[PDB]
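Source file: structure_22.cif; contents: mmCIF, C-alpha atoms and all ligand atoms.
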data_final
loop_
_atom_site.label_atom_id
_atom_site.label_comp_id
_atom_site.auth_asym_id
_atom_site.auth_seq_id
_atom_site.Cartn_x
_atom_site.Cartn_y
_atom_site.Cartn_z
CA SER A 30 42.80 13.10 29.28
CA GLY A 31 43.83 12.48 25.66
CA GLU A 32 42.41 9.11 24.63
CA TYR A 33 39.27 8.85 22.56
CA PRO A 34 36.31 9.09 24.94
CA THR A 35 34.34 5.86 25.42
CA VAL A 36 30.70 5.17 26.26
CA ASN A 37 31.29 4.64 29.98
CA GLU A 38 33.26 7.92 30.24
CA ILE A 39 30.52 10.26 28.98
CA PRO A 40 27.31 10.73 31.01
CA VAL A 41 24.19 11.12 28.92
CA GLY A 42 23.77 14.86 28.33
CA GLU A 43 27.45 15.85 28.12
CA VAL A 44 29.46 16.19 24.92
CA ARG A 45 33.18 15.86 24.33
CA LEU A 46 35.25 16.93 21.34
CA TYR A 47 38.33 15.19 20.02
CA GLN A 48 40.86 16.78 17.68
CA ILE A 49 41.32 14.54 14.64
CA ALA A 50 43.49 16.78 12.42
CA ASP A 51 44.05 20.47 11.78
CA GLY A 52 40.57 21.99 11.54
CA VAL A 53 38.79 18.63 12.08
CA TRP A 54 37.19 17.37 15.30
CA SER A 55 34.84 14.61 16.17
CA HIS A 56 32.06 15.11 18.69
CA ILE A 57 31.06 12.28 21.05
CA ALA A 58 27.86 11.99 23.07
CA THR A 59 25.86 9.24 24.70
CA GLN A 60 22.19 8.36 24.67
CA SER A 61 19.81 5.76 26.04
CA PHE A 62 17.73 3.70 23.60
CA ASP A 63 15.53 0.73 24.48
CA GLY A 64 17.11 0.52 27.93
CA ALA A 65 20.77 0.52 26.93
CA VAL A 66 23.35 3.33 26.63
CA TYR A 67 25.33 3.93 23.45
CA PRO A 68 27.97 6.41 22.32
CA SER A 69 27.76 8.14 18.97
CA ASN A 70 30.08 10.34 16.88
CA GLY A 71 29.76 13.30 14.60
CA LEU A 72 32.21 15.65 12.87
CA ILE A 73 33.13 19.34 12.97
CA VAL A 74 35.14 20.86 10.10
CA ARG A 75 36.55 24.38 10.08
CA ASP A 76 35.22 26.39 7.12
CA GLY A 77 37.27 29.63 7.30
CA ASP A 78 35.92 31.58 10.28
CA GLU A 79 32.84 29.33 10.46
CA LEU A 80 32.20 25.66 11.18
CA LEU A 81 30.43 22.88 9.30
CA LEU A 82 28.76 20.30 11.55
CA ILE A 83 28.18 16.71 10.45
CA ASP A 84 25.38 15.02 12.43
CA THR A 85 23.65 16.02 15.63
CA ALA A 86 24.65 14.69 19.07
CA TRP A 87 21.63 12.35 19.33
CA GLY A 88 18.91 14.45 20.90
CA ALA A 89 17.90 18.01 21.65
CA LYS A 90 19.63 18.34 25.03
CA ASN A 91 22.82 16.68 23.80
CA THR A 92 22.86 18.95 20.73
CA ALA A 93 22.47 22.05 22.92
CA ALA A 94 25.40 20.74 24.97
CA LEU A 95 27.35 20.24 21.71
CA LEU A 96 26.88 23.86 20.70
CA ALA A 97 28.05 24.99 24.15
CA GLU A 98 31.10 22.72 23.97
CA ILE A 99 31.98 24.10 20.51
CA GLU A 100 31.75 27.66 21.84
CA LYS A 101 34.05 26.76 24.77
CA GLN A 102 36.66 24.76 22.86
CA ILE A 103 36.67 26.33 19.36
CA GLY A 104 34.82 29.63 19.54
CA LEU A 105 33.68 29.84 15.89
CA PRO A 106 30.01 29.77 14.85
CA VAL A 107 28.36 26.68 13.41
CA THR A 108 26.64 27.94 10.28
CA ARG A 109 25.65 24.75 8.43
CA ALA A 110 24.97 21.13 9.36
CA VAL A 111 24.56 17.97 7.29
CA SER A 112 22.81 14.85 8.58
CA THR A 113 24.15 11.66 7.05
CA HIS A 114 20.98 9.53 7.48
CA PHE A 115 17.53 9.75 9.00
CA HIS A 116 17.91 8.13 12.40
CA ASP A 117 17.76 10.07 15.66
CA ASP A 118 21.51 9.84 16.27
CA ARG A 119 21.92 11.93 13.07
CA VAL A 120 18.89 14.26 13.02
CA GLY A 121 17.76 14.39 16.66
CA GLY A 122 18.66 17.95 17.58
CA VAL A 123 18.02 19.47 14.15
CA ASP A 124 15.32 21.65 15.68
CA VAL A 125 17.83 22.95 18.28
CA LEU A 126 20.27 23.70 15.46
CA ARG A 127 17.65 25.49 13.37
CA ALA A 128 16.77 27.73 16.38
CA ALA A 129 20.47 28.53 16.90
CA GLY A 130 20.88 29.93 13.37
CA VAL A 131 22.27 26.81 11.74
CA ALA A 132 21.14 25.93 8.23
CA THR A 133 20.38 22.19 8.20
CA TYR A 134 20.79 19.92 5.18
CA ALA A 135 20.24 16.32 4.15
CA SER A 136 19.55 14.35 1.00
CA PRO A 137 15.94 14.24 -0.21
CA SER A 138 15.89 10.55 0.71
CA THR A 139 16.93 11.28 4.29
CA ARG A 140 14.35 14.05 4.55
CA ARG A 141 11.52 11.80 3.36
CA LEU A 142 12.54 8.95 5.68
CA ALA A 143 12.91 11.27 8.68
CA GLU A 144 9.47 12.73 8.04
CA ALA A 145 7.88 9.27 7.69
CA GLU A 146 9.59 8.03 10.88
CA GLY A 147 8.59 11.04 12.98
CA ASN A 148 12.13 12.31 13.40
CA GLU A 149 13.32 15.89 13.06
CA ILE A 150 13.68 17.03 9.47
CA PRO A 151 16.61 19.04 8.01
CA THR A 152 15.46 22.13 6.14
CA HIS A 153 17.41 21.92 2.87
CA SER A 154 17.71 19.11 0.33
CA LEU A 155 21.10 17.98 -1.04
CA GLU A 156 20.69 17.09 -4.69
CA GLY A 157 23.19 15.18 -6.77
CA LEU A 158 23.52 12.23 -4.37
CA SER A 159 20.77 9.86 -5.51
CA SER A 160 22.87 7.23 -7.35
CA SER A 161 25.55 5.11 -5.70
CA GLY A 162 28.97 6.55 -6.46
CA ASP A 163 27.67 10.13 -6.55
CA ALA A 164 29.72 12.86 -4.89
CA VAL A 165 29.20 16.57 -4.30
CA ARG A 166 31.22 19.31 -2.63
CA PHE A 167 29.84 21.06 0.45
CA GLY A 168 32.19 23.67 1.93
CA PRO A 169 35.39 21.99 3.05
CA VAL A 170 34.10 18.41 2.58
CA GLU A 171 32.99 16.01 -0.12
CA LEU A 172 29.72 14.14 0.42
CA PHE A 173 29.54 10.67 -1.11
CA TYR A 174 26.63 8.26 -1.49
CA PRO A 175 28.08 4.72 -1.45
CA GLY A 176 24.84 2.79 -1.84
CA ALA A 177 22.61 1.14 0.72
CA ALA A 178 24.34 -0.12 3.86
CA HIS A 179 23.30 0.72 7.40
CA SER A 180 20.38 2.51 5.77
CA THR A 181 19.35 3.15 2.18
CA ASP A 182 20.13 6.88 2.52
CA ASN A 183 23.51 6.79 4.30
CA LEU A 184 26.13 9.31 3.24
CA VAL A 185 29.85 9.37 3.98
CA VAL A 186 31.95 12.50 4.30
CA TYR A 187 35.57 13.11 3.24
CA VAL A 188 37.76 16.01 4.37
CA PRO A 189 40.35 16.27 1.55
CA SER A 190 42.65 18.71 3.38
CA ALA A 191 43.29 16.09 6.08
CA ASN A 192 42.40 12.81 4.33
CA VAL A 193 39.77 12.15 7.00
CA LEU A 194 36.99 9.71 6.07
CA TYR A 195 33.87 9.97 8.22
CA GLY A 196 31.93 6.84 7.46
CA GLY A 197 28.96 7.46 9.65
CA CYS A 198 26.92 4.43 10.53
CA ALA A 199 27.90 2.59 7.34
CA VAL A 200 31.28 2.02 9.04
CA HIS A 201 31.82 0.22 12.33
CA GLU A 202 34.68 0.35 14.80
CA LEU A 203 37.30 -2.40 14.94
CA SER A 204 36.01 -3.85 18.23
CA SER A 205 32.51 -4.38 16.85
CA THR A 206 31.12 -7.92 16.95
CA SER A 207 27.95 -7.43 14.91
CA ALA A 208 26.50 -4.91 12.49
CA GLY A 209 24.92 -2.62 15.11
CA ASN A 210 21.30 -1.58 14.71
CA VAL A 211 20.27 -3.24 11.45
CA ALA A 212 16.60 -2.25 11.59
CA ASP A 213 16.80 -0.32 8.31
CA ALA A 214 19.91 -1.94 6.79
CA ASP A 215 20.56 -3.81 3.55
CA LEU A 216 23.02 -6.49 4.67
CA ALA A 217 23.27 -7.94 1.15
CA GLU A 218 24.24 -4.61 -0.45
CA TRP A 219 26.39 -3.31 2.41
CA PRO A 220 29.69 -5.01 1.40
CA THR A 221 29.31 -3.65 -2.13
CA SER A 222 28.77 -0.17 -0.74
CA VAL A 223 31.83 -0.50 1.50
CA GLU A 224 33.85 -1.61 -1.54
CA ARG A 225 32.75 1.62 -3.27
CA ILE A 226 34.05 3.63 -0.30
CA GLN A 227 37.37 1.77 -0.36
CA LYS A 228 37.75 2.40 -4.09
CA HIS A 229 36.83 6.07 -3.91
CA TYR A 230 38.98 7.05 -0.86
CA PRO A 231 42.14 4.92 -1.02
CA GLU A 232 44.26 7.67 0.57
CA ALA A 233 42.18 8.01 3.73
CA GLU A 234 44.40 8.29 6.81
CA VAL A 235 41.75 8.40 9.55
CA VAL A 236 38.41 6.59 9.33
CA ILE A 237 35.71 7.60 11.83
CA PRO A 238 32.75 5.24 12.46
CA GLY A 239 29.30 6.43 13.41
CA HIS A 240 29.73 4.84 16.85
CA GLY A 241 33.03 4.02 18.55
CA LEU A 242 36.76 4.56 18.08
CA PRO A 243 38.39 5.99 14.94
CA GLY A 244 41.15 4.08 13.23
CA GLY A 245 42.56 3.56 9.76
CA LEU A 246 41.34 2.03 6.52
CA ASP A 247 41.03 -1.38 8.23
CA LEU A 248 37.68 -0.26 9.64
CA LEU A 249 36.22 -0.63 6.15
CA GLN A 250 37.25 -4.26 5.67
CA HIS A 251 36.29 -5.07 9.27
CA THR A 252 32.84 -3.63 8.63
CA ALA A 253 32.40 -5.79 5.54
CA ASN A 254 33.47 -8.83 7.56
CA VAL A 255 31.06 -8.27 10.46
CA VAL A 256 28.17 -7.47 8.14
CA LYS A 257 28.71 -10.67 6.15
CA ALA A 258 28.83 -12.67 9.39
CA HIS A 259 25.72 -11.00 10.85
CA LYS A 260 23.82 -11.84 7.65
CA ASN A 261 25.08 -15.41 7.99
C1 LIG B 301 15.18 2.28 14.61
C2 LIG B 301 16.64 2.69 14.77
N1 LIG B 301 17.13 3.54 15.70
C3 LIG B 301 18.50 3.63 15.45
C4 LIG B 301 19.59 4.41 16.20
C5 LIG B 301 19.05 5.67 16.85
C6 LIG B 301 20.30 3.47 17.20
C7 LIG B 301 19.85 3.24 18.50
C8 LIG B 301 20.56 2.41 19.37
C9 LIG B 301 21.74 1.78 18.95
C10 LIG B 301 22.20 2.00 17.65
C11 LIG B 301 23.32 1.52 16.93
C12 LIG B 301 24.43 0.60 17.41
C13 LIG B 301 24.15 -0.55 18.12
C14 LIG B 301 25.20 -1.37 18.55
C15 LIG B 301 26.52 -1.01 18.29
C16 LIG B 301 27.64 -1.93 18.77
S1 LIG B 301 28.00 -3.20 17.51
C17 LIG B 301 28.48 -2.35 16.00
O1 LIG B 301 29.09 -4.07 17.96
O2 LIG B 301 26.84 -4.06 17.29
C18 LIG B 301 26.79 0.16 17.59
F1 LIG B 301 28.08 0.52 17.30
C19 LIG B 301 25.74 0.95 17.15
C20 LIG B 301 23.19 2.12 15.68
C21 LIG B 301 24.05 1.96 14.45
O3 LIG B 301 24.42 0.77 14.16
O4 LIG B 301 24.20 2.92 13.66
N2 LIG B 301 22.12 2.90 15.63
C22 LIG B 301 21.48 2.84 16.80
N3 LIG B 301 18.78 2.85 14.43
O5 LIG B 301 17.66 2.30 14.01
ZN ZN B 302 21.20 4.66 11.93
ZN ZN B 303 24.06 4.94 14.00
#

Step by step, read the file and then write its structure as structure tokens.
Amino acid sequence: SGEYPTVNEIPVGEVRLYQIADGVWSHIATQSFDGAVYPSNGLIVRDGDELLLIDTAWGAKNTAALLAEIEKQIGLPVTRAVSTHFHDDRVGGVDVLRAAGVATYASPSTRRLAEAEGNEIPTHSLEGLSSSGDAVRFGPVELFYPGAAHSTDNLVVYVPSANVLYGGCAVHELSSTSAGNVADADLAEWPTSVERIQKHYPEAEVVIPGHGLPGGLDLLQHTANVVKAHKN
């Protein structure tokens, strides 16, 4: 009833939306992985009379539920989606999107890693993002490649109209006590990549992590701190 929805408040298979700013929502879903349940976030950005989706809801059935929740709460069609890295919490559900008329996009690096891992593969490649510090416009957002962090391919997303920074899984929530799932991470490079985010988006007002509660710019320094300590 108004607070940001937490892992224990969302059964696996349901999706909730949360209004972040005018024309900007996050989507929250839950999934089981290796015998534990986790929440995960994505983004929805109004694009005139259409919507841009950032990340799936972590699975085919959750992503179908996401589309139904968007129709109920917003009522505008999702026409494009971007996946910010290759893991299943970002691309799982791309096939559902593609069958619902959504054009799916990711960097070439994400597409090659998703294919090699056996995950669902976005249709279209996003060029111009292969060197750290690169940025491109995509509808109402800017896509930014900060360098290797949670994964080598991770992208962050900025909504300039609202100064919303969606960090994806390169950014952790303030309550986090470790660096999450580090299977594909570069712990040594991650603080440098976070510093690039901090330098490029100093006017961010809301920062959304890939899992957990949004906050302010402090999430970036907190992420650097937990990553350095995990590595140690
Ligand atoms: C292989 C491979 N599969 C995956 C994905 C699908 C995956 C599965 C299960 C869990 C996660 C997490 C995760 C874990 C713990 C915390 C709490 S915390 C910051 O306090 O430790 C958290 F916030 C997030 C992440 C992420 O860190 O992005 N990804 C995950 N990744 O690699
Ligand atoms: Zn991941
Ligand atoms: Zn993640």

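Taking all atoms listed in the file into account, the residues that come within 6 Å of ligand ZN 303 (chain B) are residues 118, 198 and 239 of chain A.
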
Near-residue 111 (chain A) list (8 Å; only C-alpha atoms; drop same-chain fewer than 4 positions) as a list in words: residues 81, 82, 83, 84, 133, 134 and 135 of chain A

Env of region 46-54 of chain A: 7 Å cut, atoms = all atoms listed in the file, seq-sep filter 3 positions within chain, self excluded. Answer as a VMD selection string. chain A and resid 33 57 72 to 75 191

For residue 213 (chain A), find every residue with an atom within 9 Å (counting all atoms listed in the file), except residues of its own chain fewer than 4 positions away, and show them as JSON, numbers by chain. {"A": [178, 179, 180, 181]}

Produce a file of the selected residues containing C-alpha atoms, as a CSV table (one decimal), in the frame of the given file.
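Result file follows (selection24.csv):
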chain,number,residue,atom,x,y,z
A,178,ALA,CA,24.3,-0.1,3.9
A,179,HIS,CA,23.3,0.7,7.4
A,180,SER,CA,20.4,2.5,5.8
A,181,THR,CA,19.4,3.2,2.2

Enter the distance from CA of residue 138 (chain A) to CA of residue 190 (chain A), in Å, rounded to one decimal.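 That distance, rounded to one decimal, is 28.1 Å.
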
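Counting from CA of residue 249 (chain A), the distance to CA of residue 120 (chain A) is 23.9 Å.
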
For ligand LIG 301 (chain B), the closest of A:169, A:104, A:241, A:189 counting all atoms listed in the file is A:241

Hey, which residues sit close to ligand ZN 302 (chain B)? Say within 12 Å, counting all atoms listed in the file, and write them as number ranges by chain. A: 69-70, 84, 87, 112-121, 139, 142-143, 148, 177-184, 196-201, 208-215, 238-240

Kindly indicate which residue among A:165, A:253, A:188, A:242 lies nearest to residue 35 (chain A), using all atoms listed in the file for the distances.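 Counting all atoms listed in the file, the residue closest to residue 35 (chain A) is A:242.
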
So the first atom is CA of residue 254 (chain A) and the second is CA of residue 205 (chain A); what is the distance between them in Å, to one decimal place?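 Computing it gives 10.3 Å between the two atoms.
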
Please return the centre and edge lengths, in Å to one decimal, of a box with edges along x, y and z that contains all listed atoms of ligand LIG 301 (chain B), widened by 6 Å on every side, as lines of an AutoDock Vina configuration file.
center_x = 22.1
center_y = 0.8
center_z = 16.5
size_x = 25.9
size_y = 21.7
size_z = 17.7

What's the 12 Å shell around residue 231 (chain A), counting all atoms listed in the file, without same-chain residues fewer than 2 positions away, as JSON, numbers by chain? {"A": [187, 189, 192, 193, 194, 223, 224, 225, 226, 227, 228, 229, 233, 234, 235, 236, 245, 246, 247, 249]}

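Distance check against residue 80 (chain A) using all atoms listed in the file: of A:66, A:158, A:110, A:217, the minimum falls on A:110.
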
Pick out the closest residue to residue 93 (chain A) from this set: A:105, A:216, A:39, A:58. Count all atoms listed in the file.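 So, comparing all the options, the nearest one is A:58.
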
As a PDB file, in the coordinates of the input, please: region 227-249 of chain A completed to N, CA and C atoms.
ATOM      1  N   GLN A 227      35.965   2.113  -0.316  1.00  0.00           N
ATOM      2  CA  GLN A 227      37.370   1.770  -0.360  1.00  0.00           C
ATOM      3  C   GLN A 227      37.976   2.208  -1.686  1.00  0.00           C
ATOM      4  N   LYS A 228      37.228   2.034  -2.776  1.00  0.00           N
ATOM      5  CA  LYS A 228      37.750   2.400  -4.090  1.00  0.00           C
ATOM      6  C   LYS A 228      37.809   3.901  -4.266  1.00  0.00           C
ATOM      7  N   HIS A 229      36.862   4.634  -3.686  1.00  0.00           N
ATOM      8  CA  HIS A 229      36.830   6.070  -3.910  1.00  0.00           C
ATOM      9  C   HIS A 229      37.806   6.852  -3.021  1.00  0.00           C
ATOM     10  N   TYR A 230      38.154   6.333  -1.845  1.00  0.00           N
ATOM     11  CA  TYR A 230      38.980   7.050  -0.860  1.00  0.00           C
ATOM     12  C   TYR A 230      40.170   6.214  -0.413  1.00  0.00           C
ATOM     13  N   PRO A 231      41.005   5.794  -1.362  1.00  0.00           N
ATOM     14  CA  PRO A 231      42.140   4.920  -1.020  1.00  0.00           C
ATOM     15  C   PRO A 231      43.218   5.608  -0.214  1.00  0.00           C
ATOM     16  N   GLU A 232      43.216   6.938  -0.149  1.00  0.00           N
ATOM     17  CA  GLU A 232      44.260   7.670   0.570  1.00  0.00           C
ATOM     18  C   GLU A 232      43.790   8.127   1.936  1.00  0.00           C
ATOM     19  N   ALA A 233      42.645   7.637   2.405  1.00  0.00           N
ATOM     20  CA  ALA A 233      42.180   8.010   3.730  1.00  0.00           C
ATOM     21  C   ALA A 233      43.207   7.611   4.781  1.00  0.00           C
ATOM     22  N   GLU A 234      43.468   8.522   5.716  1.00  0.00           N
ATOM     23  CA  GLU A 234      44.400   8.290   6.810  1.00  0.00           C
ATOM     24  C   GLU A 234      43.731   8.035   8.149  1.00  0.00           C
ATOM     25  N   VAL A 235      42.582   8.633   8.377  1.00  0.00           N
ATOM     26  CA  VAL A 235      41.750   8.400   9.550  1.00  0.00           C
ATOM     27  C   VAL A 235      40.378   8.026   9.038  1.00  0.00           C
ATOM     28  N   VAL A 236      39.777   7.002   9.640  1.00  0.00           N
ATOM     29  CA  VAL A 236      38.410   6.590   9.330  1.00  0.00           C
ATOM     30  C   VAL A 236      37.624   6.645  10.637  1.00  0.00           C
ATOM     31  N   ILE A 237      36.521   7.386  10.639  1.00  0.00           N
ATOM     32  CA  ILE A 237      35.710   7.600  11.830  1.00  0.00           C
ATOM     33  C   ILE A 237      34.394   6.854  11.646  1.00  0.00           C
ATOM     34  N   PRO A 238      34.036   5.943  12.558  1.00  0.00           N
ATOM     35  CA  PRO A 238      32.750   5.240  12.460  1.00  0.00           C
ATOM     36  C   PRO A 238      31.654   6.062  13.090  1.00  0.00           C
ATOM     37  N   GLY A 239      30.403   5.690  12.811  1.00  0.00           N
ATOM     38  CA  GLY A 239      29.300   6.430  13.410  1.00  0.00           C
ATOM     39  C   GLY A 239      29.177   6.245  14.903  1.00  0.00           C
ATOM     40  N   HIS A 240      29.709   5.130  15.422  1.00  0.00           N
ATOM     41  CA  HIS A 240      29.730   4.840  16.850  1.00  0.00           C
ATOM     42  C   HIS A 240      31.075   4.178  17.140  1.00  0.00           C
ATOM     43  N   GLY A 241      31.789   4.668  18.124  1.00  0.00           N
ATOM     44  CA  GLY A 241      33.030   4.020  18.550  1.00  0.00           C
ATOM     45  C   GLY A 241      34.308   4.703  18.070  1.00  0.00           C
ATOM     46  N   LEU A 242      35.425   3.959  18.179  1.00  0.00           N
ATOM     47  CA  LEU A 242      36.760   4.560  18.080  1.00  0.00           C
ATOM     48  C   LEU A 242      37.228   4.707  16.635  1.00  0.00           C
ATOM     49  N   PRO A 243      37.744   5.875  16.250  1.00  0.00           N
ATOM     50  CA  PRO A 243      38.390   5.990  14.940  1.00  0.00           C
ATOM     51  C   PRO A 243      39.582   5.067  14.804  1.00  0.00           C
ATOM     52  N   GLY A 244      39.932   4.794  13.546  1.00  0.00           N
ATOM     53  CA  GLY A 244      41.150   4.080  13.230  1.00  0.00           C
ATOM     54  C   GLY A 244      41.588   4.377  11.821  1.00  0.00           C
ATOM     55  N   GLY A 245      42.138   3.392  11.119  1.00  0.00           N
ATOM     56  CA  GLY A 245      42.560   3.560   9.760  1.00  0.00           C
ATOM     57  C   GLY A 245      41.630   2.867   8.773  1.00  0.00           C
ATOM     58  N   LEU A 246      42.133   2.661   7.563  1.00  0.00           N
ATOM     59  CA  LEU A 246      41.340   2.030   6.520  1.00  0.00           C
ATOM     60  C   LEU A 246      40.850   0.626   6.882  1.00  0.00           C
ATOM     61  N   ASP A 247      41.472  -0.041   7.858  1.00  0.00           N
ATOM     62  CA  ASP A 247      41.030  -1.380   8.230  1.00  0.00           C
ATOM     63  C   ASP A 247      39.584  -1.395   8.714  1.00  0.00           C
ATOM     64  N   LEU A 248      39.065  -0.263   9.205  1.00  0.00           N
ATOM     65  CA  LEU A 248      37.680  -0.260   9.640  1.00  0.00           C
ATOM     66  C   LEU A 248      36.749  -0.646   8.502  1.00  0.00           C
ATOM     67  N   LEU A 249      37.100  -0.305   7.267  1.00  0.00           N
ATOM     68  CA  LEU A 249      36.220  -0.630   6.150  1.00  0.00           C
ATOM     69  C   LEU A 249      36.147  -2.145   5.923  1.00  0.00           C
TER      70      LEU A 249
END
